[PDB]
Amino acid sequence: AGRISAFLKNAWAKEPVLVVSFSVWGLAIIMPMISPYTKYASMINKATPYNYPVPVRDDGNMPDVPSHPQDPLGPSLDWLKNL
Amino acid sequence: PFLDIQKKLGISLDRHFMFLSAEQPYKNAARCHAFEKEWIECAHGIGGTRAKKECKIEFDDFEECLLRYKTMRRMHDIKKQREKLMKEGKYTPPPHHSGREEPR
Amino acid sequence: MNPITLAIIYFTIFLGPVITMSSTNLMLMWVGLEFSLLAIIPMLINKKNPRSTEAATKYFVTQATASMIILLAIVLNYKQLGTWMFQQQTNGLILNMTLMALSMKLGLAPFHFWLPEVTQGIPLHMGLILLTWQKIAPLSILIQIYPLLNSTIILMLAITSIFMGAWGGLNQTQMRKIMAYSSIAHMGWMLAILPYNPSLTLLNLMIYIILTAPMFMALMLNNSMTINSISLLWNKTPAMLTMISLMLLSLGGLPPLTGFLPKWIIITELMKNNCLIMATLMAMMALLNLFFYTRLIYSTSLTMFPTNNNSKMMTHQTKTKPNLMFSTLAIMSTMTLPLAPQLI
Amino acid sequence: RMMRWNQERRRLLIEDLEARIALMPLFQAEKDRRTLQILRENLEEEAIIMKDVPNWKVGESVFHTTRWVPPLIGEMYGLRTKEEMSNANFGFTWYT
Amino acid sequence: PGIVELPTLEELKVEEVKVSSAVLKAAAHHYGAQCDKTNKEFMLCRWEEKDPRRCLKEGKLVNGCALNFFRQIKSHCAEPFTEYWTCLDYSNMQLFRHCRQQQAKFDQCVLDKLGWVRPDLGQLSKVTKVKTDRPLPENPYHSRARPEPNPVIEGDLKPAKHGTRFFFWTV
Amino acid sequence: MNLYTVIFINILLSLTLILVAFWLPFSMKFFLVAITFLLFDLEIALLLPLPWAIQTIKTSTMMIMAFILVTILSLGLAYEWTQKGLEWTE
Amino acid sequence: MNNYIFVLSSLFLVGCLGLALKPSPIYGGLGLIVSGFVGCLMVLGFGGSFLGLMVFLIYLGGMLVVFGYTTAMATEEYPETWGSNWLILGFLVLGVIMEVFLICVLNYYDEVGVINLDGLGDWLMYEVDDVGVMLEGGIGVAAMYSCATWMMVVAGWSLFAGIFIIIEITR
Amino acid sequence: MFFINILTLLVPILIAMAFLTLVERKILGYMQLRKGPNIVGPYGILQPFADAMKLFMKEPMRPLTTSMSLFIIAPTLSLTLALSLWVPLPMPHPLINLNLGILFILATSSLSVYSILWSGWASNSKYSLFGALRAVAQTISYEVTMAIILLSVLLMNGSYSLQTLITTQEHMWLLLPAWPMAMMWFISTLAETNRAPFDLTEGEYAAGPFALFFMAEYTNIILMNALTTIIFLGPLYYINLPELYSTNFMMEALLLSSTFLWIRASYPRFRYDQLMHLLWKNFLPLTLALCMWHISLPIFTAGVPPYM
Amino acid sequence: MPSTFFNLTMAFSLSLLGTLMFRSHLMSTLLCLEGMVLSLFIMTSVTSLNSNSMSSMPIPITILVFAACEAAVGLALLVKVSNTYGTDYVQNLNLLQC
Ligand SMILES: CCCCCCCCCCCCCCCCCC(=O)OC[C@H](COP(=O)([O-])OCC(O)COP(=O)([O-])OC[C@@H](COC(=O)CCCCCCCCCCCCCCCCC)OC(=O)CCCCCCCCCCCCCCCCC)OC(=O)CCCCCCCCCCCCCCCCC
Ligand SMILES: CCCCCCCCCCCCCCCCCC(=O)OC[C@H](COP(=O)(O)OCCN)OC(=O)CCCCCCCCCCCCCCCCC
Ligand SMILES: CCCCCCCCCCCCCCCCCC(=O)OC[C@H](COP(=O)(O)OCCN)OC(=O)CCCCCCCCCCCCCCCCC
């Protein structure tokens, strides 16, 4: 602990730039696992409608899919607003 | 290939974006998607010697939709006859071809 | 050269052909070829002498032009069919350009003039690789498209290669140029049998490799890059003659030895296909390879040449060079005819 | 602050794309009718342009498929004006 | 070979909207809730049956049910809509971010004089189920029938008859 | 047409000025620098499409690949450094 | 403007001809630069914004730059090359005229074949989504990071190992 | 109308360069405890015209061992690029609205090495070639960071367009974030423009060519500072007040262009070796690190920007 | 498309002709090789954009990377040749004929 901490202080004095580079590298590779707001990125980029939602036939057995944009049977991204 | 280690491990490094009928990023369709799909689906399972002869109508359709030599030739014949007629004074273009109409 | 550099360069040398053989995309095949070239040049030029630099330059230029032509073939096929793989509908000119490029990559005649010069300017462990490991990717690309090739140009290339290899080895006094021309000849045999049966191309490939590796190792034992230098082998290391002679006869293709079987079965298939005239020409012109291998067997194992004095101190010194692979491969290459039905 | 701003930007983008969605059908129908009328005009002209030629079927497809094949802009604006052709090809790549 | 088939000019002839982009965009979010069924039916026809020449009977209904919307809008509550789309057309990307209060005017006016609520975020960008009497098309690609695959050999394996039969090699 | 007009105008103006002007009266270090610049400019080429790649769904994959790129580039830099390739002391 | 892409391709042809003829390693660099400028212009004509600007910023700004750099620092201009330069300029003129006659004969032999001079301005764009977003070239060149990561690792490895290769070659 | 717009764009930037010369001289004088030009015209506003007349009236002693082609197309190229860079700039609306505009800037900036190198290879010597090689290496090296900085900062606005940064900074400058990327960008503008302390190439041309080189230099200076203002110091944009946006942009660009001269008067020069060490050992590590940081930030934050 | 592709192929052929015909330099061959590279890049990008196949755009990028690497090693070899002989000439590489 002592030897390595003295090494790190020697660095912090001599080449702070290398220390900062490596520490930013570590932060980059580490924070995306700590953060809770990560998943929401994929969620959003999925929620973006760059295409037409081609509908499907009402063949009777499909109760969990709506017949109109204003029905609550389908997905609803109010979490985006609440974000 | 020569060493089907890909198919052995059941993975895909290079064999999912080979041709036009494959998956494009935002579902964007390629030009000859249907023709190529039909050619492949019809040549699947009889590979090679057979598909070069008994799956040839679909290959001809794909070739035409991709290279369009026949369409080029058709339009060129039409335009040549039309130029000859205009030169000799036996036909006049209509307004929408001349550059004026009521558009939509 | 440090361990990290060595590891990176040799991992690339190994990865090139592996990508070529494991990829379905011609672009990735081309990538593998480029890897091979990039990672081979430094090893050629390691010594940093004029001859090595010249060899590296020649190799680079030739292989780069060839790769460009291959990529042109790929691009043309792509514009023609939308797919990145050759099918039964590609304009034969595309495939013949591809074959020319692959032949220049391999060293076939009349695209061979660079191989002896380069091998000469290059050391031994590098000729070994250049002539064994650098023939596997360009041959794989051909094995994948053997049903749709031009037997005419293939046979012309093969027979030209046989002839020029014989008529070069007859004259060269340098081990490395002799090996180059032998490579040319065997690759000609391979190409000849390719469009009819590629399993036999692969057979002859493995036979030639098993026969070449231990020969280059024998040479590297004393760095005897010349006939008058390898003749002193009877005083330097005479326990290697009993095997050099047999391996050279096998290369020549003498009946009772492994090296025969390739020619024999290839001639058989060509006869089944009515290529008897070509098979006859090739079988008659391989005897010159056998000739200038016998001329070496003489100077090495059947007659003692004028030796030197300091060879006495060379005798005083011990040695630990020839690892087990020498014996293993030489035996497998000289005494494995009784097992031909399995190798087939 | 940049996070909280770009999220609202995302919501606005979704709004605009939803407007696009709601509109598209109208546009697709209009476009279909337009291109069909274009091809019909070209055919009605070719009919008399190429009457006296030998062995010329008027409206002869180059396919054995029997299904719909979207036409090329060359096919459409080939008999129309060169400025129309240039607006079709080099019209969006030329900065409005 | 094969004479292409097209429709006449008398048909595919309909009263277009002749209305502009800013207008359609200011009226979209309400035009996506109202007049949605006859739009989904058409965007199902045009995708099941890949030919447009088989959905004119639906495109005409689209145009009609859009004119009815833009006519309700004129009858009731024209001025807020006019000012809203005039403010929209000022920008270049025709953005909703600048015209937010005129939009509230339009929305309150339409909600009082009619029963239209504005679709919330994401409501138009879903995949709804639509119903119709029209049947599903068999062979939409006109998929010429497939060939028959090579008849597969089958039978319990047994060793080779007399070995490899390579020259004079007994086994 | 507009870009063409502007660039043509600029070229004309430059040539006009330069006409009026007349009418009124071996070390391997630089090579290694160029090579390093090549090997970083190609990395820029492989790195530029991030504004389009970060719009995708495979975020766990873009993260990975971009980190791989940057890390191995930094390692190559460090090796060129240790081997005295950034010194200039002939 | 129907002759636009044809003129561009012809200028590319002339540049590669002035390469084939070898004036000197510096005028050759200028010819390469011109040919690359024209190549980018034609890629943009075909719609390749990203591809063309990348050509600009990497091929010219990165490759031809070091070409001229290595040329100046490791090449000497010898006086003989000037007369031969004029000679090969005349050679270039002759080649241009031969190519013109070649194109004439090919048009005479294949009207709708090799080159449809009648259909020059046409057959540039075959199809395009008119109402479509997300169809540029960056959307494809950025696939590498989600699909086709194999290509990205390949290229990164080539560049990585190039460092070691060059340090070992120069040393 | 478009030609009129082109005139309105070109004439003022040339005037602004011609007077930036005078501003430099006066500022350096007052920092050196002197006045600067006062005589030729009121406060000196005629000195640039006087100098232009003088130069263009001199007699060109064109080196005999040279090549007229590379002698004429080098400054032509320099000025052409220095002028065509100003085209896409949103001030706030651009003359040419491009997507990939910053990429066009990168490329049309990297294309000057050709002139700065052909001039040397034309001048038949070895000292001039040495200087040209060194300057080319410097410019090249700093282009790397000039590119990566933007590559990492264009992830707070998911587009290579310059008309998106306005709305990206509609609420806060891009300086508070990326102030470590600016400090590295503000400098690569000096070294790229061979501006002190990075003037190891001007510390061999006739009147007209020297004048064109001068024009190109100062135009590029103003433009680099304008890019800084637009990117890291996003000014005010009220949809109805392009006048306001332009006023603020001008003010900030003048601040920056005066800072350049502040520096020229304040600091010594560098040594080519130390100048290259600077980049390759302080700016590239930090640049790559912050690049990874800014690739991760929009992910572990849900603030990934849009593609319009 | 047909015309521009014909001209691009003619240009590739001309550059290959230049490679196969040396004129006492080596830079004048590396430049022909790079011209070939450029022509292939352009043809590939043009076919991609014509077919609207966005699943094939990485290919120009890859070939550009690898052509760059090839050019780098070629330039290094040329540099060594100059460092040793004094000229990027091809009559000086007359060794290995023995
Ligand atoms: C100084 C150094 C020199 C060293 C090398 C010396 C040369 C080696 C020996 C001679 C050459 C090789 C002989 C071929 C072996 C056959 C293997 C095979 O693949 O085919 C068998 C297989 C079946 O053989 P088969 O004739 O039907 O026999 C059926 C059984 O007899 C019927 O009963 P079964 O089938 O149920 O078998 C029961 C089994 C039960 O036995 C056991 O398990 C007991 C095992 C104890 C073994 C110990 C005794 C070793 C005796 C050999 C002594 C060698 C000296 C070195 C050892 C020192 C010992 C102190 O029998 C065996 O184990 C057989 C042992 C095999 C080795 C001995 C040969 C006997 C086999 C009969 C063939 C005789 C050779 C004729 C070949 C014809 C050539 C045209 O295929 C064949 O039909 C024969 C084809 C072989 C043709 C070869 C063509 C090339 C010939 C040219 C000569 C080149 C040789 C290489 C020399 C190169 C010089 C540079
Ligand atoms: C059965 C079916 C038949 C199928 C066809 C068979 C094909 C024919 C078989 C050919 C086998 C031999 C062919 C190669 C000939 C080798 C020539 C040779 O080795 O003799 C020369 C050399 C003499 O050396 P020298 O300096 O003169 O004095 C003796 C010191 N050793 O000798 C040497 O120096 C050798 C090295 C000395 C090592 C110490 C001695 C140990 C024994 C080594 C030799 C082993 C030979 C085995 C012979 C088996 C024959 C089948
Ligand atoms: C003798 C002295 C010699 C010195 C000469 C030096 C001149 C160099 C001048 C700088 C070079 C500028 C490079 C221009 C590249 C243009 C890149 C670009 O972004 O244009 C693309 C443009 C818009 O496309 P995009 O932004 O992707 O999206 C638009 C959709 N709304 O879409 C387009 O494609 C627009 C059409 C392309 C216009 C480009 C024309 C550039 C100027 C031509 C210069 C000609 C000079 C003479 C010939 C050069 C040598 C052969």
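What counts and what doesn't
- Residues numbered from 1 in each chain as written, not as in the entry; some residues may be left out.
- Chains lettered and ligands numbered in written order.
- Part of a larger assembly, values for the part shown.
- Heavy atoms only, no water.
- Residues with missing side-chain atoms left out of burial classes, pairs and counts.
- Helix = DSSP H or I, 4+ residues; strand = E, 2+ residues; numbered from the N terminus.
- Rg over C-alpha atoms; globule rule 2.2 N^0.38 Å.
- Buried < 20%, exposed > 50% of the residue type's maximum accessible area, 1.4 Å probe, protein only.
- Areas by Shrake-Rupley, 256 points an atom, 1.4 Å probe, with all protein chains shown as cover.
- Contact = heavy atoms within 4.5 Å.
- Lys, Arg positive; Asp, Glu negative; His and termini not counted.
- Charge placed at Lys NZ, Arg CZ, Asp CG, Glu CD.
- Near = heavy atom within 4 Å.
- Polar contact = N/O pair within 3.5 Å; in protein donor to acceptor, adjacent residues only side chain to side chain.
- Axes fitted to C-alpha atoms, helices over the stretch in contact; angles between N-to-C directions.
- Parallel < 35°, antiparallel > 145°, perpendicular 65-115°, else oblique.
- Nonpolar A, V, L, I, M, F, W, Y, C, P; charged D, E, K, R; others polar.
- Expected span 1.5 Å × (residues − 1).
- Bend = angle between axes of the 7 residues up to and from the residue.
- Buried area = accessible area lost by both parts, 1.4 Å probe.
- Salt bridge = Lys/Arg side-chain N within 4 Å of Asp/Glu carboxyl O.
- Left-handed = near helix turned anticlockwise from the far one by under 90°.
- Disulfide = S-S within 2.5 Å.
- Patch = residues over 30% accessible without salt bridge, like charges linked within 9 Å, V, L, I, M, F, W, Y side chains within 5 Å.

This deposited entry lists cryo-EM as its structure determination method and 3.17 Å as its resolution.

*Asks:* What is the right way to read the overall build of chain D from this model?
*Replies:* A count of helical and extended segments in chain D gives 3 helices and 0 strands. Reading the secondary structure of chain D in the N-to-C direction produces α-α-α. Against the globule reference of 12 Å for 96 residues, chain D gives a C-alpha radius of gyration of 21 Å, more extended than a compact globule. Along the longest, intermediate and shortest principal axes, the C-alpha atoms of chain D span 75 × 30 × 20 Å. Looking at chain D residue by residue over its 96 residues, the buried ones come to 62%. Of the accessible surface of chain D, which amounts to about 4,300 Å², a share of 53% is contributed by carbon and sulfur atoms.

*Asks:* So what exactly am I meant to see when it comes to the overall build of chain C here?
*Replies:* The number of helices and strands found in chain C is 18 helices and 0 strands. A compact globule built from 344 residues would reach a C-alpha radius of gyration of about 20 Å, and chain C, at 20 Å, matches this within 12%. On the principal axes, the C-alpha backbone points of chain C span a range of 70 × 50 × 35 Å. Sequence separation of at least 24 residues holds for 74% of the intrachain contacts in chain C that already meet a minimum separation of 6. With an accessible surface of roughly 12,300 Å², chain C has 68% of that area assigned to carbon and sulfur atoms. Both charge centroids of chain C, one from 16 positive and one from 4 negative side chains, sit 12 Å from each other.

*Asks:* Mind showing me how you'd approach the site of ligand 3 here?
*Replies:* Every one of the 18 residues lining ligand 3 counts as a neighbour, but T93 of chain D, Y4 of chain F, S49 and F56 of chain G together with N99 of chain H are closest to it. Bordering ligand 3 are residues originating from chains D, F, G and H. Contact distances for ligand 3 include 2.8 Å between an oxygen atom and a backbone N or O atom of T93 of chain D. At 2.6 Å, a side-chain N or O of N99 of chain H approaches an oxygen atom of ligand 3. Among the secondary structure elements, those contributing two or more residues to the shell around ligand 3 are α1 (2–23) of chain F, α2 (27–45) and α3 (49–73) of chain G together with α3 (68–84) of chain H.

*Asks:* Any chance you could explain the packing of helix α6 (residues 124–132) of chain C against helix α10 (residues 198–222) of chain C here in plain terms?
*Replies:* Between two packed helices, what matters for the description is the angle formed by their axes and the separation of those axes. Residues and elements named next belong to chain C. Contact geometry for α6 and α10: axes closest at 9 Å, N-to-C directions at 175 degrees. With respect to their mutual orientation, α6 and α10 come out roughly antiparallel. Counting all contacts with α6, which are made through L124, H125, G127, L128, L131 and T132, the residues of α10 involved are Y208, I209, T212, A213, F216, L219 and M220. For the contact of α6 with α10, the per-class residue count stands at 9 nonpolar, 4 polar and no charged.

*Asks:* Can you walk me through helix α6 (residues 149–170) of chain G in this structure?
*Replies:* Residue pairs three or four apart in sequence face the same way in an α-helix, which turns once every 3.6 residues. Residue and element names in this part refer to chain G. Here α6 spans 32 Å end to end across 22 residues, near enough to the 32 Å set by a 1.5 Å rise per residue. At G162, α6 is deflected by roughly 25 degrees, the largest bend along its length. Judged by how many residues are buried, α6 sits mostly within the fold: 18 of 22 residues are covered.

*Asks:* Even after reading the chapter, I still don't get the interface of chain I and chain G, so can you show me in this structure?
*Replies:* Many analyses report the size of an interface as the accessible area lost when the parts associate. Facing the 57 residues of chain I at the interface are 68 residues of chain G. When the two sides are added together, the surface that chain I and chain G hide from each other amounts to roughly 5,300 Å², 77% of it contributed by carbon and sulfur. For the chain I face of the interface with chain G, the top three residues by lost area are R23, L31 and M54 of chain I, together amounting to 12%. Linking chain I with chain G are 0 salt bridges, by the criterion used here. Top element by residues in the side of chain I that touches chain G is helix α3 (residues 58–85) of chain I. It accounts for 20 residues. Of the residues that constitute the side of chain I that touches chain G, the class distribution is 38 nonpolar, 15 polar and 4 charged.

*Asks:* What should I look at first to understand the packing of α10 of chain C against helix α13 (residues 241–252) of chain C in this one?
*Replies:* All names here are of chain C. Relative to each other, α10 and α13 sit at 145 degrees, their axes nearing to 10 Å. Helix-helix and strand crossings are classified by hand; for α10 and α13 the assignment is left-handed. Packed against α10, whose contacting residues are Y208, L211, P214, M215 and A218, the element α13 presents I244, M247, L248, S250 and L251 at the interface. In the contact of α10 with α13, the residues fall into 9 nonpolar, 1 polar and no charged.

*Asks:* Is there a simple way to explain the site of ligand 2 in this structure?
*Replies:* Residue and element names in this part refer to chain C. Every residue lining ligand 2 is accounted for by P238, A239, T242, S301 and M304. The contact in question runs from an oxygen atom of ligand 2 to an N or O atom on the side chain of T242, over 3.1 Å. Relative to its unbound accessible surface of 1,100 Å², ligand 2 loses 28% to contact with the protein. In terms of residue class, the shell around ligand 2 is built from 3 nonpolar, 2 polar and no charged.

*Asks:* I would appreciate a short explanation of the interface of chain F and chain G in the present structure.
*Replies:* Every contact between the two is made by 35 residues of chain F and, on the other side, 37 residues of chain G. Between chain F and chain G, a total of about 3,200 Å² is buried, with carbon and sulfur atoms accounting for 80% of that surface. The largest per-residue losses of area from chain F upon contact with chain G belong to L46, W52 and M65 of chain F, which jointly make up 19% of the total buried on that side. For the pair chain F and chain G, the number of links is 0 salt bridges. The element that contributes the greatest number of residues to the side of chain F that touches chain G is helix α2 (residues 28–47) of chain F, accounting for 14 residues. For the side of chain F that touches chain G, the per-class residue count stands at 26 nonpolar, 5 polar and 4 charged.

*Asks:* Sorry if this is basic, but what is going on with the state of the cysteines here?
*Replies:* Two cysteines whose sulfur atoms are joined by a covalent bond form what is called a disulfide. Under the counting rule described, the total for this entry stands at 2 disulfides over all chains. One disulfide in the model links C77 of chain E with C109 of chain E; its S-S distance is 2.0 Å. Of this pair, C77 of chain E sits in the loop between α4 (56–75) and α5 (79–88) while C109 of chain E sits in helix α6 (residues 100–113), placing them 32 residues apart in sequence. The buried category is assigned to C77 of chain E, whose relative accessible area is 9%. Free of any disulfide, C65 of chain B has its nearest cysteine sulfur in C32 of chain B, 3.3 Å distant.

*Asks:* Any chance you could explain the pattern of salt bridges here in plain terms?
*Replies:* As a working rule, side chains carrying opposite charge can pair if their charged atoms are close by. As enumerated under the stated definition, the model contains 37 salt bridges over all chains in all. For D120 of chain E, the salt bridge goes to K81 of chain A, with nearest N and O atoms at 2.3 Å. Remark: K81 of chain A occurs in helix α4 (residues 78–82) and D120 of chain E occurs in the loop between α6 and β1 (129–130); the pair is interchain, linking two chains. Since its relative accessible area comes to 38%, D120 of chain E is described here as partly exposed. For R144 of chain E, the salt bridge goes to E58 of chain B, with nearest N and O atoms at 3.0 Å. Residue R144 of chain E is found in the segment after β1, and its partner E58 of chain B is found in helix α4 (residues 56–67); the two belong to separate chains. With a relative accessible area of 8%, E58 of chain B lands in the buried category. Beyond isolated ion pairs, a larger network of salt bridges with shared partners links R57 of chain A together with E48, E49 and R134 of chain E.

*Asks:* Is there a simple way to explain a nonpolar patch on the surface in this structure?
*Replies:* Together, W82, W86, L89, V93, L94, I97, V100 and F101 of chain G give the surface a local cluster of nonpolar side chains, amounting to about 860 Å² of exposed area. As for its position among the elements, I97 of chain G is in helix α4 (residues 81–109).

*Asks:* So what exactly am I meant to see when it comes to the arrangement of the chains here?
*Replies:* When the 26 pairs of chains in contact are compared, the highest contact count belongs to chains G and I. Across the gap from chain E to chain I, with no contact made, the nearest C-alpha atoms are 19 Å apart. These two, chain H and chain I, are apart from each other, with no contact and a minimum C-alpha gap of 16 Å.

*Asks:* How do you make sense of the environment of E76 of chain G when you look at a structure like this?
*Replies:* Residue and element names in this part refer to chain G. Of note, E76 is situated in the loop between α3 and α4. Taking relative accessible area as the criterion, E76 reaches 52% and is therefore assigned exposed. Sequence separation between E76 and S24 is 52 residues; the distance between their C-alpha atoms is 9.9 Å.

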